[PDB]
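Peer 1: Sending over a structure as structure tokens; questions will come in a sec.
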Amino acid sequence: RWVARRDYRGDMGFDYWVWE
């Protein structure tokens, strides 16, 4: 399952998607 990682600089609320 895709889980948003929160190190983001953008507006999207995620940076990269990690697979958990």
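Scheme for the structure tokens: letters A, B, ... for chains in order shown; per-chain residue numbers from 1; ligand numbers from 1 in order shown.
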If you run DSSP on the backbone, which residues of chain A are strand (DSSP E or B), as an NGL selection string?
Peer 2: :A and (2-4 or 17-19)
Peer 1: What is the distance between CA of residue 14 (chain A) and CA of residue 1 (chain A), in Å to one decimal?
Peer 2: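 So the answer is 14.7 Å.
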Peer 1: Fewer than 4 positions away in the same chain doesn't count, so skip those; otherwise give me all residues within 9 Å of residue 18 (chain A), counting only C-alpha atoms, as a PyMOL selection string.
Peer 2: chain A and resi 1-5
